[PDB]
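Input: a single structure, listed below in structure tokens.
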Amino acid sequence: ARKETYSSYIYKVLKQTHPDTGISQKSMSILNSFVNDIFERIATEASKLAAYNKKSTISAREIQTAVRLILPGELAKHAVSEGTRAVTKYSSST
DNA sequence: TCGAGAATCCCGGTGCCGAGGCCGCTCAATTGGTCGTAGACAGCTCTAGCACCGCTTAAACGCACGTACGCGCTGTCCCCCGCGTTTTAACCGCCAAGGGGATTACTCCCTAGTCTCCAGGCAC
């Protein structure tokens, strides 16, 4: 039995950015609630936008428009930068 | 003063464009035998709240200086406001080009299902 969390990945990216910093468990649960909340926000907005575009699939175009909707524009263009980086580094399926 | 004739108040007739009804219809609503799958109950434990109080213990209740300022009055002072006047572009009608919205669908391409092998992940 387990509960799905992202404390290991948060600690990994935090030590990757700055290894000389720590984080307690209460703030870890707060950030886990935060990432589940924004995942719920983006997923429901993408489902709304897919149902509005007469298309019952989820591509990356709806996610791009959804992160252009709810995120601010500097974070929106940084998010499309990170997303294009993720697709271009994932497409090399060798 | 009578009477005929013109003006007006009130009653009756008529456009008129939006609400209401209708024929044709055509891709969905109904029912169905089946079929993998949610799910409701139950032993059984285990685990989190509740009460009593052992033992302390800061903190609220409430009353007393005192002065800062909320409410009201008085004077100030000026800035939108009613109004007049001049300007001006909005609305409407109309002429005109054309450009994306809508609808059809096919190969292709990406996914549901399938089994198979392996590396993540909170617990010891």
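Residue numbering restarts at 1 for every chain of the structure tokens, chains are lettered A, B, ... in their displayed order, and ligands are numbered from 1 as they appear.
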
Distance cut-off 10 Å, counting only C-alpha atoms (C1' of nucleotides) - which residues of chain B neighbour chain A? Return them as a list in words.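 The answer, sorted by residue number, is residues 121, 122 and 123 of chain B.
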
Find the residues near residue 76 in chain A: any atom within 6 Å, counting only C-alpha atoms (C1' of nucleotides), skip ones fewer than 5 places away on the same chain, and give them as a list in words. residues 67, 68 and 71 of chain A

Writing out the chosen residues with N, CA, C and O atoms as a PDB file, in the first residue's frame:
```
ATOM      1  N   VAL A  67      -2.569  26.204 -20.956  1.00  0.00           N
ATOM      2  CA  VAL A  67      -1.551  26.899 -20.180  1.00  0.00           C
ATOM      3  C   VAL A  67      -1.361  28.327 -20.670  1.00  0.00           C
ATOM      4  O   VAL A  67      -0.780  29.147 -19.949  1.00  0.00           O
ATOM      5  N   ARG A  68      -1.831  28.652 -21.876  1.00  0.00           N
ATOM      6  CA  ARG A  68      -1.943  30.057 -22.242  1.00  0.00           C
ATOM      7  C   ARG A  68      -3.145  30.722 -21.581  1.00  0.00           C
ATOM      8  O   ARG A  68      -3.182  31.951 -21.481  1.00  0.00           O
ATOM      9  N   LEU A  71      -2.248  30.263 -16.976  1.00  0.00           N
ATOM     10  CA  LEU A  71      -0.986  30.779 -16.477  1.00  0.00           C
ATOM     11  C   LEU A  71      -0.735  32.178 -17.030  1.00  0.00           C
ATOM     12  O   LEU A  71      -1.237  32.525 -18.105  1.00  0.00           O
TER      13      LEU A  71
END
```
